[PDB]
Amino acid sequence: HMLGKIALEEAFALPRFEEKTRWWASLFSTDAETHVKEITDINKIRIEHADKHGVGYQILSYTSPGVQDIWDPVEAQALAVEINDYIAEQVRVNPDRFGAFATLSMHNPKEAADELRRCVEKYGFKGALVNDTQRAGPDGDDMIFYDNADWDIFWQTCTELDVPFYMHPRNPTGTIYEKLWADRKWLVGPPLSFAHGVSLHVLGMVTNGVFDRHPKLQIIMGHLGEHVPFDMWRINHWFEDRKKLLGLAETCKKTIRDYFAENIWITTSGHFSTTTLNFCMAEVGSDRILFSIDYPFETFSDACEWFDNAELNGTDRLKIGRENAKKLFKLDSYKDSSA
């Protein structure tokens, strides 16, 4: 089985947030004590897992909801900077095993662009990972989406640095939580709510022309694309045969399949299904699919024993396991990168 795999939806948390970490674990972990140790650890447990399961390189990112949960913009910016400085220091212990995505406050486009630039230019971070919309407003009940002209300066910064942006989910909050989710709360997270948020935001970027103004922008979705490949036919039909005759073409110049060929990537995080992977290879193409785990919400063992033992042609196993990410992130050599 395959050595030198790359995973890039792999979360950490600051040690000082044990209470928040235990809260998130109460929703999404069956072993909270192990979860606290694993999500705070960078350089021991994570390496032991990766050595056992053929993972050469991991791009680390901050746990959800992370900075997007913080609606005080001053507090949010300070936390992002703290997190980026912290993980940059941590990955220096084992730089041949780890990279990092930038953690950002997304209250303000220029501020986020400047901090992403700092992360990339100063620390060699590989892109940004953001947990869907930024909570905003007096009690955090507002949502900042990034699919509009105010964010052009930010998306042009991604394309100038040529680094991708990973749109990770976050939990529903406030008014949205109360109206839709509170009475069916077991659906919060991976079962449904996570994908509803991310697919809304990315298809918002599609239909509001973000990839037309920034066609080099690379956007990554985890969880095999948050339902979007299932409706590729249906979205394409209702765009090209319906809404684009009614006004959508004014802000959306290409097909949904064009944007998946040129701009959008999907990851295998938390979706260890060969049948669904095969369907995504049909609807999206193996060139656009990246291995990932969703650790420590998922185990290395679940993800890697699935992928290593999945029935897959050798060409696509290599691409999805590491070679797609090697090219996308312009990776230097790392442990087992050519094994």
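Residues carry their position along the shown sequence, with the first being 1.
As the entry records it, the average C-alpha temperature factor is higher for 49 to 57, out of 49 to 57 and 283 to 291.
Per-stretch averaging of Cα B factors for 260 to 268 and 243 to 251 places 243 to 251 on top.
Per the PDB entry, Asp150 shows the highest C-alpha temperature factor of the residues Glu111, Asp132, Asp150, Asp231. Comparing C-alpha B-factors across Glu19, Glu323, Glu9, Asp316 in the deposited entry, the largest value falls on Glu19. Among all modelled residues in this chain, the alpha-carbon of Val188 has a temperature factor (C-alpha) in the lowest third.
Ranked by C-alpha B-factor against the other modelled residues of its chain, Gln90 falls in the highest third. Among all modelled residues in this chain, the alpha-carbon of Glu226 has a temperature factor (C-alpha) in the lowest third. Among the modelled residues of its chain, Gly140 has a C-alpha B-factor that falls in the highest third, as given in the PDB entry. Split the chain's modelled residues into thirds by C-alpha temperature factor. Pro73 is in the highest one.
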